[PDB]
Number of protein chains: 2
Amino acid sequence: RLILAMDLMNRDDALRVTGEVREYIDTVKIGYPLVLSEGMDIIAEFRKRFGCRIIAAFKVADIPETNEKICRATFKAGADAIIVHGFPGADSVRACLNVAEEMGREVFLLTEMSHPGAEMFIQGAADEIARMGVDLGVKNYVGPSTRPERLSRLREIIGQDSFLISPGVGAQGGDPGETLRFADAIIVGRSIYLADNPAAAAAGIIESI
Amino acid sequence: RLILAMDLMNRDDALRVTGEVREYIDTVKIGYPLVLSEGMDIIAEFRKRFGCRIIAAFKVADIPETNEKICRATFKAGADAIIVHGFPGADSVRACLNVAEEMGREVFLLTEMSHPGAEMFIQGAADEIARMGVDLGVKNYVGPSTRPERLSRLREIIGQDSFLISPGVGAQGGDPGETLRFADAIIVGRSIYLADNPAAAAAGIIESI
Ligand SMILES: O=c1ccn([C@@H]2O[C@H](COP(=O)(O)O)[C@@H](O)[C@H]2O)c(=O)[nH]1
Ligand SMILES: O=c1ccn([C@@H]2O[C@H](COP(=O)(O)O)[C@@H](O)[C@H]2O)c(=O)[nH]1
Ligand SMILES: [Cl-]
Ligand SMILES: [Cl-]
Ligand SMILES: [Cl-]
Ligand SMILES: [Cl-]
């Protein structure tokens, strides 16, 4: 129920930390901080080295045509799933779903974000973004640990069978236990990778879980 | 280090047994007995239901053009890797490697088989099939548990970094421990799925390992 957000930017440190906490996870979320610094080949290296599932945290938010290209490159690189923003609309999300279907991969729909600014425009559209996901057949979602009442509403819309993961635990203020009342898994980055002992930090989260 | 060969033909029994032994594995080898009976959709169902890696045991052995089509359908269905026969030659293997590269997936090269008949024609070509794999850049191989001296020779050719899995353990007479002196993982089918208590059978193998 714990996903590591590996946002370190240098390959050596990323490999060190991921290896140290491998026993407490099986899924690593890799995003642009690491990929832009070390290249897309890092995805296949991680998948092979650690035998974990890899979720690409690219939160695609372009027009349909470009979203298709990004998804294809991401799955070609070996990612098991890609996170997609829902605010750009149904056609942009459908483009990602089409490529995931073609390549036997998964799409996670980001519905409401965890940072303070998410309240400005995203929050007001979040319920509709989640309903759009349900209408499109999306089965994997991302919602905020920092707002459990919003996480509850998201779970209500997507149902119990849908898979929901949630960032914002630790550094941003979210609580593991409270978040897991609604999400199937929690995403944790800094609380683990910036810790003096990442393995102990992960173990401590697991214990409370 | 244990891969389940799930060759039961009915979905209910396959799901039952795989769920019962899930804690002892993380990789399931699915082949034609199950796929032809329940459809290719069973691959994605297993991947989702159990969160395990899926190796498609199709041992592709056609001309390049057809091998390409089979590999594409297999990866579209969600398989993480596909097993390919090496006896048909380099072009047939290259066709599979090309699709695996396009889709961010893996190819396992079957070099020598485990049954008695493998001594008739395959064994005499096995060393060369393995060398061909090395020349083509193959990093994943399949060799026989029933002939550890042959498994040793295969390991010698492919090197220590290559990943080697081995069927023939249990029902066919192979030994877990002896096989693991050379292979990274053992494939076990009947000894587990036909057992009165599959979980206990898997646990017993794990203990001896
Ligand atoms: O609404 C969202 C969507 C994505 N992330 C991402 O999830 C991770 C959370 O990291 P951290 O705050 O645990 O360090 C980071 O990769 C971050 O970009 C959020 O934090 N909130
Ligand atoms: O040389 C080979 C190649 C493949 N398999 C396959 O590996 C599995 C071994 O099953 P079992 O003998 O443990 O039941 C089966 O799916 C079988 O088709 C072998 O046994 N030997
Ligand atoms: Cl993300
Ligand atoms: Cl972004
Ligand atoms: Cl096989
Ligand atoms: Cl066959």
Side-chain angles (χ1 to χ4, degrees), chain A residues 2-8 28-34 55-59 83-85 108 110-118 122-123 126 141-147 150-151 165-174 176 179 186-195 201 205, chain B residues 2-8 28-34 55-60 81-85 108-118 122-123 126 141-147 150-151 165-174 176 179 186-195 201 205:
Chain A
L2 178 62
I3 295 167
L4 173 67
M6 179 37 63
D7 299 314
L8 287 170
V28 182
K29 185 173 80 69
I30 292 182
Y32 289 130
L34 181 57
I55 296 173
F58 298 168
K59 297 179 285 297
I83 293 171
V84 178
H85 258 295
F108 278 66
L110 172 60
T111 66
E112 174 165 348
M113 286 181 77
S114 66
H115 65 298
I122 293 168
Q123 183 175 86
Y141 298 80
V142 189
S145 170
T146 52
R147 301 185 194 97
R150 295 299 300 147
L151 203 55
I165 65 177
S166 182
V169 176
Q172 294 178 59
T179 300
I186 49 172
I187 292 164
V188 180
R190 289 164 288 170
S191 286
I192 291 170
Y193 72 69
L194 293 186
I205 287 164
Chain B
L2 178 62
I3 295 167
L4 173 67
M6 179 37 63
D7 299 314
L8 287 170
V28 182
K29 185 173 80 69
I30 292 182
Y32 289 130
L34 181 57
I55 296 173
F58 298 168
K59 297 179 285 297
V60 192
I82 191 172
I83 293 171
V84 178
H85 258 295
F108 278 66
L109 182 66
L110 172 60
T111 66
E112 174 165 348
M113 286 181 77
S114 66
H115 65 298
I122 293 168
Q123 183 175 86
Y141 298 80
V142 189
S145 170
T146 52
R147 301 185 194 97
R150 295 299 300 147
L151 203 55
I165 65 177
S166 182
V169 176
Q172 294 178 59
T179 300
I186 49 172
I187 292 164
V188 180
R190 289 164 288 170
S191 286
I192 291 170
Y193 72 69
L194 293 186
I205 287 164

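Values below: every heavy atom of this structure, side chains too, minus hydrogens, waters and symmetry copies. Ligands are counted one by one from 1 in listed order, and the atoms in each one are counted from 1 as well. Below, chain A is the first sequence line, B the second, and so on; all start at residue 1.
Between the side chain of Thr146(B) and the main chain of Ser114(B), a donor-acceptor pair closer than 3.5 Å is present.
Closest approach of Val142(A) to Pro167(A), counting heavy atoms only: CG1-CD, 3.5 Å. The two residues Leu151(A) and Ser166(A) have their closest heavy-atom pair at CD2-OG, 3.8 Å. Taking each heavy atom of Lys29(A) and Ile83(A) in turn, the nearest pair found is CD-CD1, 3.9 Å. Taking all atoms of both residues into account, the shortest heavy-atom contact from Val169(B) to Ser191(B) is O-OG, 4.1 Å.
Near ligand 1, residues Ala5(A), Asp7(A), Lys29(A), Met113(A), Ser114(A), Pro167(A), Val169(A), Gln172(A), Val188(A), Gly189(A), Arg190(A) come within 4.0 angstrom through at least one heavy atom.
Taking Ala56(A) as the reference, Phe58(A), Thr74(A), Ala79(A), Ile82(A) meet the side-chain contact (heavy atoms from CB on, under 4.5 Å) condition, with sequence neighbours excluded.
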